[PDB]
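Two separate entries follow, structure 1 and structure 2, each one form of the same protein chain as structure tokens.
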Structure 1
């Protein structure tokens, strides 16, 4: 299976940190087990002895090719040092301000990265295909325009995504809104997929697989599950979107949130020209039970020692594959909440989800 160094040239250094600072630090370790030879910028608390212990159980090692930082200033100074004095190109997962690093030191064209990930611009990347009823509306005209829409509908920035089923939901959304907004019909989906692809010049476009997104009825993220039953026309919709981005210079990993309705129509509701936590579930498939897999993340309830030791219990049982660990005790005992990203895997959904619930009960 592919690793990230297969996609990125030797001069690239990778950061998955968003520009909650502790949650952002926790994300720096997200890709460590798939990075291989790619150097990764990681918070010190994301690679303590606790991470080494978890990886050791499953026969993995922490990459030696990490650069660490411990606060905002050290993060920003490290980026400048690598680009200005070590001839590195920085591959970002999230938009960073120009004061941090001028565009000429980006591994991937910043203007293209912003355009590919701009939700208002989805129709450009699908060539007008795969769209629900959807309009981009300036905020001053929004309240009057929204009266023309039937429920259920979705409001997105052009607060986060606001799914509205009725007038009460809409009035709450309007209060939170008070330059542009996306209004979209809420599709009554029978399936969703996050379909993922990689590209490099030597490899061409490669389909990596797909994960289902677990979301509540308001779209809030509750994890990702494995799936091998992706319809060919869903894969092809994703491949077309990938090719559109690649043709303008995209390289690396991308994932597309594709919904399918009861008539098998495909809707592209979110394009992520960047990777996510579930990319690791696809690329580590050789080490996971294929029966059922669920990727998610968890926070300490307070006692970081009990959090870690409960995690270690389940890792040693073999049900729980550790991906990332932010050690809040790096700041002092229980001063900051530890955080953990992982894959539950096993023979069936029933047994795996029972293990997850047992773990959550043991924590609380």
Structure 2
């Protein structure tokens, strides 16, 4: 029954929001970024979280009250960019807090000395170009990191399918900075996107696209008293282009998959890492393991695994949904399904904070039931009532 406050010091404050200053490889909707601020609320425990006002309205309290939870009293709210950045500065300077960023912000928002985890180390651990440095040089697909001036001549040497990823120090997540190419038409689109991002891109990772049979996020935790602890694994729900939609629970993770992730966790810990980490480990048809993405931080599958004690173990689906336009029907359909027992609410972004149906409401949840077929029928019926 681990919680995040077990892993971070008493002076740490947490923000899971992307900065209002985006980069071409992490450009989620402003409302998607605000919706993310409340994702880890149920596992934060004593860790204070910076949350958009619309992410902690009475709508969230109602959904939590059904599952017998409260909205944590230790939240700091913001409602725009200026108050968000001012809050972060005031917390570090006046409250003498240390800020844990899921995604780094620029130094003019907060100097690196106020980061809860060493910024240089955090950036290096979460740098996709530097993955082989953390895997003892194993588990990676056929890959090469090339400077952007050599990308055109190098890409011609590769067969489809392939993946192109930024190879610099910019934050990325959720599939916002991955270009999976299955044919020349995909590559043509990727080349244009790279060209429009010339200002922020100095190098590119070229990687063979693995024909995976499984896609795990294998999670671990570390603190000086706990040691290195395996948290479990989740299957990733990502579309054909790597865009992240959610997670499913797992039943029998192979031993060598867990051990590949643990060795990576040990390498990070030996460099000073602490907290939660999650590693994307693919498995092909011949049972080879591929480390394609290291997340030395929490992510979405962390809530699923840390809340496993409250969920049906037969089948779980972590997912997010948008309002179809009518936020009132959206919320009331959700609240109805939460009371039916097989829908665990995690986060709610109340679009009616901006006025009646002016912004789409957003809902993060875990479907959980005895069988996959019964769970998916429950989700399909929920989606039908939303039209």
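Positions refer to the first chain, counted from 1. Take the two forms, find the largest set of C-alpha atoms that superpose within 1.5 Å, and that set is the rigid core.
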{"property": "Comparing forms between structure 1 and structure 2 after core superposition, the one residue of 76, 270, 169, 225 displaced by 2 Å or more at CA", "result": "169"}
{"property": "Threshold 2 Å Cα movement between structure 1 and structure 2 for residue 216, core superposed", "result": "yes"}
{"property": "Backbone CA shift between structure 1 and structure 2, residue 139, after core fitting (angstrom)", "result": "2.3"}
{"property": "Cα displacement of residue 202 between structure 1 and structure 2, core-superposed (Å)", "result": "1.4"}
